[PDB]
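Chains as they are written, first to last, in my numbering: chain A, 1 to 353; chain B, 1001 to 1353; chain C, 2001 to 2353; chain D, 3001 to 3353; chain E, 4001 to 4353.
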Amino acid sequence: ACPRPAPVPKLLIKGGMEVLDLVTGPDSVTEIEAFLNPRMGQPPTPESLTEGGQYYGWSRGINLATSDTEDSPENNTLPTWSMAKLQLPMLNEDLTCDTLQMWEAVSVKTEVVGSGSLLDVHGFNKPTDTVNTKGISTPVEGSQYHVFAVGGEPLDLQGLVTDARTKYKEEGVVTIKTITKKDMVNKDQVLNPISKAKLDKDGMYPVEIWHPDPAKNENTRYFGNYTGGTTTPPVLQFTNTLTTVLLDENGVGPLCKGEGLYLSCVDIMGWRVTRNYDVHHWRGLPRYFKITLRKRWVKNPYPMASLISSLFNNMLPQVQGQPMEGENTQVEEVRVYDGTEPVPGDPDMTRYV
Amino acid sequence: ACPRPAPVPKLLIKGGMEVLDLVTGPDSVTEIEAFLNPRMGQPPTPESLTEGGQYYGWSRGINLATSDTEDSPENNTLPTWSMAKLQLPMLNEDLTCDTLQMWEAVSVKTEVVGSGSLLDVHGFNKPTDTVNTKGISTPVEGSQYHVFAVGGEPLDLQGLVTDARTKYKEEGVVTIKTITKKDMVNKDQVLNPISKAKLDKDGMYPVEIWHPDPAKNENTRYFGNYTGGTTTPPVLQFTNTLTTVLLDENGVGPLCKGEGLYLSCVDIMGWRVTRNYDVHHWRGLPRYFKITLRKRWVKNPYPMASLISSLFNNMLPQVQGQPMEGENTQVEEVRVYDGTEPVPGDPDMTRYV
Amino acid sequence: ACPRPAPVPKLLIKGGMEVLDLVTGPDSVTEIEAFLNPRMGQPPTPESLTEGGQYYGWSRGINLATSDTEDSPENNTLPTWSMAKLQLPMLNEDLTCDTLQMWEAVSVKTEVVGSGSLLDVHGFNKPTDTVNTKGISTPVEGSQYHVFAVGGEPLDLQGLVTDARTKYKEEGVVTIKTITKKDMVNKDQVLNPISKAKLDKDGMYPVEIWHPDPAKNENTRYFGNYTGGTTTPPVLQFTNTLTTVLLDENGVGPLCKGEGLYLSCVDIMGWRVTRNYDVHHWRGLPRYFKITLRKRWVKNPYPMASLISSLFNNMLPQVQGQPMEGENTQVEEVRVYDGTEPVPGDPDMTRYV
Amino acid sequence: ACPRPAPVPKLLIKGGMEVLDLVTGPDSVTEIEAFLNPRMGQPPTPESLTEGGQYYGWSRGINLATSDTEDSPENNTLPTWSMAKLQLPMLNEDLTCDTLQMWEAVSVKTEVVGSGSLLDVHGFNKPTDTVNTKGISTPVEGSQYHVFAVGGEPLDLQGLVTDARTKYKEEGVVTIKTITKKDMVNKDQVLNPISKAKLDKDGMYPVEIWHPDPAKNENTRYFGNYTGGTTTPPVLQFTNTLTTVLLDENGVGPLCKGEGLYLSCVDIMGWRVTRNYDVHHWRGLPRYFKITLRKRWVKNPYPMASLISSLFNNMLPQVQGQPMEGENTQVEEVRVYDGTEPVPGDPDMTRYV
Amino acid sequence: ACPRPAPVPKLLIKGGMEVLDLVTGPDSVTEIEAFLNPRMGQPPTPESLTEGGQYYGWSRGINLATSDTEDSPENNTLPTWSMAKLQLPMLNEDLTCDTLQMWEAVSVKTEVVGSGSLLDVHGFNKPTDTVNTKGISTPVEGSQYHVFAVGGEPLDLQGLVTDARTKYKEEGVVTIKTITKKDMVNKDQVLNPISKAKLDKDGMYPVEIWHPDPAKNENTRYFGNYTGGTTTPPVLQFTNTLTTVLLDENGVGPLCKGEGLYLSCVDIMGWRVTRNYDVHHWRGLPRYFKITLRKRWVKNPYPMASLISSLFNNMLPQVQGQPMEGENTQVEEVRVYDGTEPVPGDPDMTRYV
């Protein structure tokens, strides 16, 4: 006799991360809304807007090379990767019949926030009438670079650079020399399979050195786009309604290793030009993530009965011995036999080219 | 024996908002056509086209900063948000079996009107042959910014700015300082979760400070796009035939809280340049909305038997006491028990990192 | 025993409009191919290519404003709307059981013709090497504006302008002052719901004043796009194979009121620059329409037994009396009762805000 | 017991056009791969690369008009249409039950070849540092124009021009004056329904005069796109995998009249600028077609028993007599009666406007 | 009683190419991840970053032509094609019932790596303020050219050039003169069906001479796009989630001839400009391929009982004799008869035009 409203998913509880401390069930869905600020040059710590003008959100400046051979980019001028790790609660286990529950990033709604800010055409930027210093304050223009990644483990990065003779500072930034303790080689200018790293720190990996690794990220979905030039107009489309599916060919999506969910981001909008000279502070805007996660039963990867193994590995000493791994390995050959075949003829035949 | 025309929806009555005073039924559909004018600088009140030339639809001018440290943007030069609230009639209630009827925005047909106006190449604008002051009057160019929102409650805004040392006037405009009574901090240049507001006024929230909040608007669908630059050609596509679906993942769409339907808009097309100097009045065009609404049975959110509660709250005094909420809350812990579990071991275990 | 060709629609007769004088049947389909020439400045009448060079297809020139306050655009420089009305034959009627047959525009294939003409880089236009007057004759560039509409009644236009102090000539052009006999107000610069008109004349409504009305055209499908700038390259895609569906949400499409089918068009490609000065004649190309129509049984809208009413209205005089309509109406209230409700309490309750 | 490979269409024979001399059957499919070279100015005949540098593939130059009134475009500077006709074999006929077999173009895979050639930045073109004549040789830029057509009969062209006072040479080129023996009128600058032609010659119809006729081509599918400007960067996308469907609304596609298949093409990429002056040779690239054809049973259009008619028409003389066709026709009225209707009232009623 | 995880494909073994030495089965799927470095000018061999600055990844420079007639492009300045061949293992054969197994490229995931590197605006490039040599180091801009191909045989190339009087070096590069031992003709500037080659070498075929052949590649899927200009901003979109289907109309995709899988690539991003002059080194980025292959049963193409034939061909001498093939062939006619037709009339009738 009464009207029936339409069925919608029932919201049990909402709030902060504390809400995740409620044991819900196997088919419960969790939506986490977070944001990442642009780690582009100036750090957030000196909150006083008088040191230089609080370039938080911008770089500190830019210094061209003094000659073809020595370049020092002055870390507070290099835009870097933003990252965060959301720590989710633990789930059920099934040690009897080896099986485990973990979080599974199902969808993401992402949005770059604050593009209207670039409609600020007053201010002390290089004017449009440079001969009379009037007109409007030139807005942000130039190269744009928008990458975001959602994963269950830190984003794998690959090292690739322009001029490999660049001398980056050796602290406060993670470069190729920091990972491979040697210098940078010419192969670092195209693709070196050894210039690999992970995005564990925030504000430390510059985006002009470290790019999302295409060969590696299998628990991570990353989306990026680049636009070059010096006066390229920025373009941003924000919307409440579009969502990205994080599922893969098998319909799984990023499983949160351990219990963490990693968000990586960089959103460079272009440059600002000052008035006395042509200093070219970068501009970056924050990114909003809304990740929709569910619970999935997976097969337990670790036979943590290997604790016994760990036992025999902590009590037994650390031996060096002679190389049995690497390139100078002294292992000649390893063969594995399982069944019984008919007697072969010449047993050593392969691809014959 | 007679031919049968095709069945179409039957139009009961059409006219103004007065038409909504007719009790129609549960499956009646209502289409409301309205428009919003650009609140870009000059207000509509001085209708005389002689004060400065009636910049209604344009800004009053633009004033660059006098130095890096003091910026005063002179409110009549800041494009702001346009908003309107259409008041719909009341619907049925079901106090016996708690249930209520409210309006539900199902679709919207929106269109920016007057793009052909920008084909006016006569007039006293900066000519294309600046050395002989001939050619054509330079048309509107520059940064474009098109946002529109349809919701059941006012659009939630988030504060984000360029230079945070800007000194906006303290009346006739709503800035971040107006909402958070303190000054603007460096965090206001990237993302401060406290610089939140709502779009209740019209012509008061500048679009260079206030952006659609991605974390908040759940009864509101907003669509925006930005294009930077100084000479970027405007691009507009108007059409009679395209319509936007306002339904969400559950197939609901914006429910009109109370009975109001909120339309928010900003459509900046670029700048005009004057002749004697390079003054850079903004340009904005009106937006036409056609919202298609139906009636939906929902579950009554308020147990307005809480009127009794309101009773005990109006008679009982207003106490201050000691803080039990906030950050200096003196509440140590709150526990909720409902059922009976087996006796746990250590009852305090969480995500272990 | 014979091979069977595939069934295709059978062409009864083809030719000119005379062909429509053949009574075909209820499920016959008619395809009409027509074209509209650009009404952009110079009229077609002085066919001699010696007056100024026969700018037919171009404007006559351009004259910037002499000051901020007086602008006279010299009608032969304003691009205007092109329109045509194709008169279709009468159809059957069903006066016994009130029902009528009318034409129904089902599809349209449209195409702007002559874009290759803009590959004419010889000629006396402003050269690309302006210091030596060599290179190529600068081709057509600038703002483009492409609108076309197919309807059963004339296209409804809405008035919107740039500077409202512009003094358009009072004959040979239809402006806002022509429709509303007063001058233009500041509201005419954003949106005035009274600056409405219809596209009945051809070459008389300038496209910088009159835009397709979004609130009105319900028997008309219009499609437009605008591109600003001063040197924006034109872009045109012509094709034999694409067709636009004119049906609406109910699957009807434009019904031809009376028996006419109205085609409206404007296709501005940009400007040409002359050599001695920077005169900026517009350029426009013709548009080809191929409209596919069928017959539809509709419900007869007019109870032309109201001829009797018309009787009593032609014999009875024209009275003025006191205002019963308008804003100064002397009608206090009108109530309509049809059935019998239970006795209400307070009968005057509405939306309570 | 053996594995079964997947079924694919069986290739009977491949080679040149000679292969088509094999009577295959009714459901055989034929794929023909051909190419068309750009007929842009310089003809292919003087193969020596010393006359001027062998501009084959480019124009010979460009000559601006000497005044507003006399323009002579010097035929070897006008890009023209490329066309070819592939002659297919004859098929079966069914004179007993009137029916005929003809070829039917079902799909096309087309591709512009040689876009990488425009990466040649060495050479004697206008440098990028014009004050020191260094940098790179400016690559091809400017207006691009890409049209291709596949049909069963020659492509129908419509005449449309810029300035109609242009004096084209009267041999080696087909202009509007060549088809209509009179001069060009102002109507030739917008749309003259009499400036019609067909694409029978190759390298003779300039693309700045002759455009694909939208009203005519019904056995031809044409696709074109134009991009204006003077420095517009070329854009080309070549791919092995995309194919265009040539079928129409009835699912037929171009039937090869007689037995020929007509390919029409023009691919202009922009200009090259020389060094001593700003001569602006055009650039064009070849186009590759891969047309997929099948056989279709159609109804025989000609009752070639009309050979008897042709008999009585070759023996009987050629009379002039008085005009019975045209505009001065002396035929007053023609009426056709077939059945018997009830006696009408006024028999002369039409569309009453 | 236990939860069931979702079924996913089971990974037998992963590692290097050695992993392919495991006989898996008929429905096993193999995913190979590889990369190709840009072969753009400077070779990889002089690894010392002191010769000129290690332009590995860039060209060595650029030298304009000294006159219209002599051009020498200095091989280390020409971007060339990158290629690789992955050698896969041998599969099963079915000599009894003629049938063979071969690898079949089913999908590809490709990505250009290192676009963020172009955000390096420090360094010794031409500054943006050229009058004060300040601002930023101009980033990579200009013509972009992105082609990639996946096939079972080497990519077939077609020769097409700009100026055919260019004198390329006769070693270290493969030009049209290298393949056709004669010089280049004017036909080489549009399309010569004899200027064909194959991509067997890497870093030897310049992309300004050799383009993917549209008539030839049937076991190869290639995708390319070109963007001209001198300051065109680069645009790159990298993503983890998109994959290209290599299957064709029959649903087969590239079959690996022999056992090799050929990857071809070129990714030019634009130029870098130096400071003292306007030298214009190219820029190229590596490409990552992830090819997904399966096994397919095909029909054995070679009747290698033709070994017997090969027998009679190695023992029998090499005769010259008189031409029986070519253009001066002395074979008059070859006829093939198989069945018995009714006696024809005139047996020599063909397409009659």
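All residues carry an ideal CB built from backbone N, CA and C; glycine is no exception.
- For D/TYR3226, the chain C residues whose Cβ falls inside 9 Å of its Cβ are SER2115, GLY2116, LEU2118, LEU2119, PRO2234, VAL2235, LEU2236, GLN2237 and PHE2238, in order along the chain.
- Listed in chain order, the positions of the stretch 4072–4090 of chain E with a beta carbon within less than 8 Å of a beta carbon of chain A are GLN4087, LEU4088, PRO4089 and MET4090.
- For A/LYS196, the enclosing beta strand (DSSP E) starts and ends at 196–198.
- At a cut-off of 8 Å between beta-carbon atoms, E/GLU4341 makes no contact with chain D.
- Contact annotation: in the stretch 1125–1143 of chain B, residues whose CB is within less than 7 Å of a CB in chain C are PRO1127, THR1128, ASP1129, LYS1134, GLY1135, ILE1136, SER1137, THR1138, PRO1139, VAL1140 and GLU1141.
- Taking 8 Å as the threshold, the shortest C-beta distance from D/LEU3191 to chain C falls below it.
- With fewer than 16 other Cβ atoms from the protein chains shown falling within 10 Å of its own Cβ, A/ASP27 counts as exposed.
- At a beta-carbon threshold of 9 Å, none of the residues of chain E lie near D/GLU3153; the nearest stands roughly 14 Å away.
- Looking at the DSSP output, E/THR4066 bridges to nothing.
- Bounds of the beta strand (DSSP E) holding C/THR2110 are 2100–2112.
- CA-to-CA, the gap between B/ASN1125 and B/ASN1132 works out to about 14 Å.
- Every candidate beta strand (DSSP E) stretch fails here, since none sits fully inside the stretch 297–333 of chain A while reaching 3 residues.
- Think of a sphere of 8 Å around the beta carbon of B/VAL1008: the chain C residues whose beta carbon falls inside it are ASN2250 and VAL2252, in chain order.
- Per DSSP, A/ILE136 lies in no alpha helix (DSSP H) segment; the continuous beta strand (DSSP E) that holds it begins and ends at 134–137.
- Each residue's CA atom was taken as its position, placing A/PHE238 and B/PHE1223 some 6 Å apart.
- Relative to the Cα of D/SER3115, the nearest Cα in the group E/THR4175, E/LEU4191 and E/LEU4086 belongs to E/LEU4191.
- Excluding residues up to 5 positions away in sequence, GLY4135, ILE4136 and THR4138 lie with their Cβ nearer than 7 Å to the Cβ of E/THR4128 in the same chain.
- At the C-beta level, D/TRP3058 and D/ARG3351 stay beyond 8 Å of one another.
- A direct Cα-to-Cα measurement between B/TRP1271 and B/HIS1280 gives close to 6 Å.
- When Cβ-Cβ separations below 8 Å define contact, B/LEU1049 makes contact with chain C.
- Collapsing the DSSP output to three states places A/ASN240 in coil.
- Between the beta-carbon of C/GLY2228 and that of C/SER2310 there is about 51 Å, and that puts the pair past the 8 Å contact cut.
- Contact annotation, D/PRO3233 with D/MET3269: C-beta distance approximately 10 Å; criterion of less than 8 Å not satisfied.
- Among the residues of chain B, none has a CB under 9 Å from the CB of A/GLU170; the nearest is roughly 28 Å distant.
- Nearest to C/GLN2322 by C-alpha distance, out of C/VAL2331, C/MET2315, C/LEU2155 and C/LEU2316, is C/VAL2331.
- E/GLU4093 carries a strand assignment under DSSP once its states are collapsed to helix, strand and coil.
- When only Cα atoms are considered, A/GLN158 and A/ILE176 end up about 9 Å apart.
- Annotation: Cβ neighbours of A/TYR277 in chain E (cutoff 9 Å, chain order): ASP4129, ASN4132, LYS4134 and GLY4135.
- If you check the CB distance, B/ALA1105 and B/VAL1147 do not come in under 8 Å.
- Inter-segment contact for the stretch 27–46 of chain A and the stretch 71–89 of chain A is present: three or more beta-carbon pairs are separated by less than 8 Å.
- The Cβ-Cβ distance between D/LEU3022 and D/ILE3013 falls below 8 Å.
- For E/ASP4021, a Cβ of chain A is located within less than 8 Å of the residue's own Cβ.
- Around the C-beta of B/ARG1275, 16 or more other C-beta atoms lie within 10 Å, and the residue is accordingly described as buried.
- The straight-line gap separating the alpha-carbon atoms of C/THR2162 and E/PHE4289 is approximately 55 Å.
- Taking a Cβ-Cβ cut-off of 9 Å, the neighbours of E/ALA4065 in chain D comprise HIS3122, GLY3123, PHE3124, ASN3125 and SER3137, given in sequence order.
- Residue environment for A/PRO347: exposed (fewer than 16 other C-beta atoms within 10 angstroms of its C-beta).
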